[PDB]
> 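Okay, here's the structure, questions in a sec.
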Amino acid sequence: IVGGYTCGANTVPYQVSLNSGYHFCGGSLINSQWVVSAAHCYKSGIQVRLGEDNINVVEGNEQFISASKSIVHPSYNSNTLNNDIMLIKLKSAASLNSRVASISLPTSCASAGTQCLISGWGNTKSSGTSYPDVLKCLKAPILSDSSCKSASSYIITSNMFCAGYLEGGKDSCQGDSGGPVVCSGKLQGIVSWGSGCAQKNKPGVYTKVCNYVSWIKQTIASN
Ligand SMILES: COC(=O)[C@H](Cc1cccc(C(=N)N)c1)NC(=O)CNS(=O)(=O)c1ccc(C)cc1
Ligand SMILES: [Ca+2]
């Protein structure tokens, strides 16, 4: 997260860290045994870390649970990142409490102008690299598709939405991938891609979760 602020320990209870010997992507807990992340974060040997704040220090509220199954969206395209979404089932159910909780799925799609919360342990610099050990937060609005296209020259699909600031300075970044974009207390997006980080006229692009609710529910029900 570039240009954000320190969230505060466990204030984003649904945030998860995907670990394969080190943190490599974020994710969101949607129920006691399932996590949603980005398809481009797919990898074998994933351990899900819940209740985290400082990812390099055991602070007392963590829950480390190995993944038993990963399901990448059937239509994921790694070239365009269309359908950049993946489901991860935990080997055992997490113990839900005030520091470890699930985030609800949306019943409707959020409109442009809506303010959302983006969080992650990703790079905090637009130029160079600096990775924080504690969770960072960013308040960002959903941009209209028309304004995003005209300013960035990105090619986005109906399964994506831009969020952030065209003026640059604030944005998600490397390492925040797979993380949550929460608006009105519901999971509306997943950190997917962007050109660099916090660059002018190059906002972040997010997976539009509201288009996948049916797939998510059906998959969880039979797996
Ligand atoms: C990969 O390194 C980076 O610093 C960022 C990461 C990132 C990830 C998710 C969201 C954001 C964001 N801005 N909100 C940033 N992405 C890039 O800089 C990628 N742009 S790119 O034009 O460098 C590019 C595009 C395609 C390939 C195969 C490789 C590189
Ligand atoms: Ca920790």
Side-chain angles (χ1 to χ4, degrees), residues 1-8 11-19 22-29 35-42 49 52-53 55 80-86 103 106 110 112-145 147-148 151-152 154 156-157 159-184 186-210 212:
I1 304 294
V2 178
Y5 60 93
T6 297
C7 305
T11 58
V12 189
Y14 52 80
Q15 172 83 223
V16 317
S17 167
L18 296 187
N19 184 289
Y22 49 91
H23 167 83
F24 70 89
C25 273
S28 303
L29 186 68
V35 167
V36 58
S37 185
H40 79 264
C41 287
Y42 166 81
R49 299 196 160 198
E52 290 278 28
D53 188 47
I55 53 175
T80 64
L81 290 187
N82 191 204
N83 304 122
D84 190 12
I85 182 167
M86 165 184 74
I103 182 70
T114 303
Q115 293 282 57
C116 308
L117 181 67
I118 304 179
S119 50
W121 288 279
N123 191 4
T124 62
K125 303 296 178 295
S126 66
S127 293
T129 59
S130 185
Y131 289 88
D133 295 317
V134 295
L135 192 65
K136 295 293 181 174
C137 275
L138 174 64
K139 310 180 168 295
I142 294 177
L143 306 171
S144 61
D145 292 345
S147 69
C148 191
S152 69
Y154 289 157
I156 63 175
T157 67
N159 299 310
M160 308 173 181
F161 71 79
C162 310
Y165 306 78
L166 297 177
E167 48 190 359
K170 302 173 185 296
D171 191 9
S172 47
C173 198
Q174 201 288 158
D176 289 322
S177 290
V181 176
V182 175
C183 328
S184 300
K186 307 290 185 178
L187 181 69
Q188 293 285 179
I190 297 172
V191 183
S192 185
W193 61 279
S195 183
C197 301
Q199 298 304 84
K200 182 178 181 181
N201 297 313
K202 298 295 178 181
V205 182
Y206 302 87
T207 303
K208 194 181 299 183
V209 178
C210 67
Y212 301 98

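Every heavy atom of this structure was used, including side-chain atoms; hydrogens, water molecules and symmetry mates were not. Position 1 is the first residue of the sequence, and the numbers go up from there.
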> Could you tell me which non-hydrogen atom of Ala38 sits nearest to which non-hydrogen atom of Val191, and how far apart they are?
CB-O, 4.0 Å

> Between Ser28 (side chain only) and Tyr14 (backbone N and O only), is there a donor and an acceptor less than 3.5 Å apart?
no

> Quick one: pull up CG in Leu166 and SG in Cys148 and give me the separation to the nearest 0.5 Å.
7.0 Å

> Under 3.5 Å, is there a donor on one side chain and an acceptor on the other for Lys136 and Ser119?
no

> Going by atom type alone, with no hydrogens or angles, which donor-acceptor pairs under 3.5 Å involve a side-chain atom of residues 167-177 and a protein atom two or more places apart or on another chain?
unit_1: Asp171; atom_1: OD2; unit_2: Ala198; atom_2: N; d: 3.0
unit_1: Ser172; atom_1: OG; unit_2: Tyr206; atom_2: OH; d: 2.8
unit_1: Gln174; atom_1: NE2; unit_2: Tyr131; atom_2: OH; d: 2.6
unit_1: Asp176; atom_1: OD1; unit_2: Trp121; atom_2: N; d: 3.4
unit_1: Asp176; atom_1: OD1; unit_2: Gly122; atom_2: N; d: 2.7
unit_1: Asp176; atom_1: OD2; unit_2: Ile1; atom_2: N; d: 2.6
unit_1: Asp176; atom_1: OD2; unit_2: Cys173; atom_2: N; d: 2.8
unit_1: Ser177; atom_1: OG; unit_2: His40; atom_2: NE2; d: 3.0

> Could you measure the distance from the CG atom of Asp145 to the NZ atom of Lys208? Nearest 0.5 Å is fine.
5.5 Å

> Does any non-hydrogen side-chain atom of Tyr22 lie less than 4.5 Å from one of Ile55?
no

> Which atoms form the tightest heavy-atom contact between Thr80 and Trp193, and what is the distance?
O-NE1, 4.4 Å

> Is there a donor-acceptor contact under 3.5 Å from the side chain of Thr157 to the main chain of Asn159?
yes

> Determine whether a donor-acceptor pair (N or O, by modelled atom type, separation under 3.5 Å) exists between the side chain of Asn123 and the backbone of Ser130.
yes

> Rounded at 0.5 Å granularity, tell me how far SG in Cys162 sits from NZ in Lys202.
10.5 Å

> Might you point out which heavy atoms bring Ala140 and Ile118 nearest each other, and give the distance in Å?
CB-CD1, 4.1 Å

> So how far is it from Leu138 CG to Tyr165 OH, rounded to the nearest 0.5 Å?
6.0 Å

> So does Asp84 get a backbone contact from the side chain of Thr207, meaning a donor-acceptor N/O pair under 3.5 Å?
yes

> Looking at every heavy atom in both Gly178 and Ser37, which two are closest together, and how far apart are they?
CA-OG, 3.4 Å

> Nearest 0.5 Å please: distance from the CZ atom of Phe161 over to the SG atom of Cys210.
8.5 Å

> Determine, stepwise, if the pair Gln15 / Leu135 fulfils side chain to side chain contact (heavy atoms under 4.5 Å, CB included).
CA-CA 9 Å; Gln15 172 83 223; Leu135 192 65; 3.9 Å; yes

> Counting N and O atoms only, with roles assigned by atom type, does the side chain of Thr11 sit under 3.5 Å from a partner on the main chain of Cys7, one being a donor and the other an acceptor?
yes

> Measure the shortest side-chain to side-chain distance between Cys137 and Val12 over non-hydrogen atoms and say whether it is less than 4.5 angstrom.
yes

> Write down the atom of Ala151, the atom of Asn201, and the distance for their closest heavy-atom approach.
O-CB, 3.3 Å

> Quick one: does any side-chain atom of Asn82 pair with a main-chain N or O of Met160 as donor and acceptor, under 3.5 Å?
no

> Are side-chain heavy atoms of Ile103 and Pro180 found at a separation under 4.5 Å?
no

> Closest approach of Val181 and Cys116, non-hydrogen atoms and distance?
CG1-CB, 3.8 Å

> Check whether more than 12 heavy atoms from other residues, nucleotides or ligands sit under 6.0 Å from atom CZ of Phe24, and answer yes or no.
yes

